[PDB]
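So this first bit is one chain, no partners, the form deposited in one PDB entry, shown in structure tokens.
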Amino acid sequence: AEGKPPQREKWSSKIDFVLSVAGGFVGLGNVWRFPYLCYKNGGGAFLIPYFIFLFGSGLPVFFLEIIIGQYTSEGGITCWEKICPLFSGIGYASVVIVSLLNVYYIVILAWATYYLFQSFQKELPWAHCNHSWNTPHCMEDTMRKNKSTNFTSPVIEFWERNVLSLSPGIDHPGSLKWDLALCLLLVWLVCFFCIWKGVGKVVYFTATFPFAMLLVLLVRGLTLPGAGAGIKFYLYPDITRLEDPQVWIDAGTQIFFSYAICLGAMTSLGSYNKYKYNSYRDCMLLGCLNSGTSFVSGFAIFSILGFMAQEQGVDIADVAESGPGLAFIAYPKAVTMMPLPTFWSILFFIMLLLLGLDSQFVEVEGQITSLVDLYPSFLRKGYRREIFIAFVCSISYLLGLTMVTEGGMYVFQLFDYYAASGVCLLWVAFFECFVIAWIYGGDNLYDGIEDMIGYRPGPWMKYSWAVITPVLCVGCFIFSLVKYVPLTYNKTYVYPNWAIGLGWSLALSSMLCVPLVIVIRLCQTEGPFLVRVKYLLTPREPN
């Protein structure tokens, strides 16, 4: 009838938790989004707000999500019923955010698959510019300085004329690309078959190959000439850029995105932990590993960029796209200089695919588990769950088909900025921290943490939950709103008004779930307003 006793099968060993978390929040957000966002925001001044957010609101919120999941023993959509039923809309907002993120998180893997397929031939296409797709301006980067128009390198010509085939603006959708659609279908089929059945010895190889490949890339990048200028550009900050809301709104949002918080996945992962498991040290070490990985990789990219700038003769700020395609212009160029380029290119794209696939598996499984926990009778047992998973995957693929046309890069950039990024994360993080600090009780949460982990933590977590996170969120929100700046692609193309309206609607769709739930709960209860709000603030609504 109720079938509750099965509950949630706890992890077999803490190793399963460590590996699942590491594969969850260490993915493409460390090796693809961090370098290009750092490059876009001047470079060097991006680190101060980055570390300020990381040490004030990045790790405490992740630990709060994990500890809430371990405490309530419930997913990311039902745990708020046992904490604050009035503010139960946070779970729905997180579900919407992760659903919108999973749609566009796969196009990067589709591009990686296309590159890997194209790299299986004798000579790499992005090494010479005598191919058909090349324009009359392409000039080998070796001869660029010797000669002197606006010549374009073969690597960029390839990226913007074979994989992308860009169109003049979002007004023109061109025609659907079929090879990219096939790659998208292949990736989605692999993901569905992995989630459907299955999650010993290959798990020790999946979690070690990317780090070795990254170390090899770092060694090659540091060995290259001209790396000193790139490192200096990467590290030395520009204090005159901090007076712009873009730097802060990018650094804080990137910190929130890279830790996979405000998504309902960390809570679901922590829900499987034991009630007497010391998760504090493990969470701190995993956060340290994530931050260390994202920072070291940047040295490899910025040294390659400095070498490219020195070789071509142009400045370090005009050597690549400065957009969502920096990782497809920097690393493929460095692969060419290595001996036996094809082998290294294959290995690099394989590790990129693995890094993306692990995170995609984790997030999709978390979302499906939350939606199943919502309804544990109809969407459960046998054939009624696989059909639901297939329906979700098919709908996601059909929606993501919009980003593989001749003008899908603009839609991808709009999705990246507005959906699952920007102010929709700040809103949810602020509401979570404010509720936990000022309604349930930081002291009560600390008592529970001391009961379950064994020793009472320090005041850093309480202070960050109480004063440091909401202040930063509100300040960043107001600063961004007051000094409005429109979004542009490659700092040259300006979007139409309706595109900005669509992006703001995408953000508001996730943002507008808390007041709706508040109103519905208020009108679903009988009695005076004050009596209703007081009863809907009591933590133990069920049991």
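Definition used throughout: the rigid core is the maximal C-alpha set that superposes within 1.5 Å between two forms. Only residues modelled in both forms are compared. Note that residue numbering begins at 1 and tracks the sequence as displayed.
**Q** At least a third of the other compared entries: do they leave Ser148 without coordinates?
**A** Counting only entries that model residues on both sides, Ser148 is unresolved in at least a third of them.
**Q** Look at the stretch from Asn444 to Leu445 and count the residues of the deposited sequence that the entry does not model, then pick none, 1 to 3, 4 to 9, or 10 or more.
**A** Going from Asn444 to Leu445, the model skips no residues of the deposited sequence.
**Q** Between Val199 and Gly200, how many residues of the deposited sequence have no coordinates in this entry: none, 1 to 3, 4 to 9, or 10 or more?
**A** According to the record, 1 to 3 deposited residues lack coordinates from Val199 to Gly200.
Keep in mind the form deposited in another entry is missing from the figure; the text below concerns it.
**Q** How does the CA gap of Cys79 and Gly23 change in that other deposited form versus this form, closer or farther, if it moves 3 angstroms or more?
**A** Their C-alpha distance shrinks by at least 3 Å in that other deposited form.
**Q** Closer or farther: the C-alpha atoms of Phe17 and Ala93 in that other deposited form, versus the form shown, with a change of 3 angstroms or more?
**A** Farther apart in that other deposited form, by 3 Å or more.
**Q** Where does the chain move between the shown form and the other one, taking runs of at least 3 residues whose CA atoms all shift 2 Å or more after fitting the core?
**A** Those runs whose C-alphas all shift by 2 Å or more are 12 to 26, 541 to 543.
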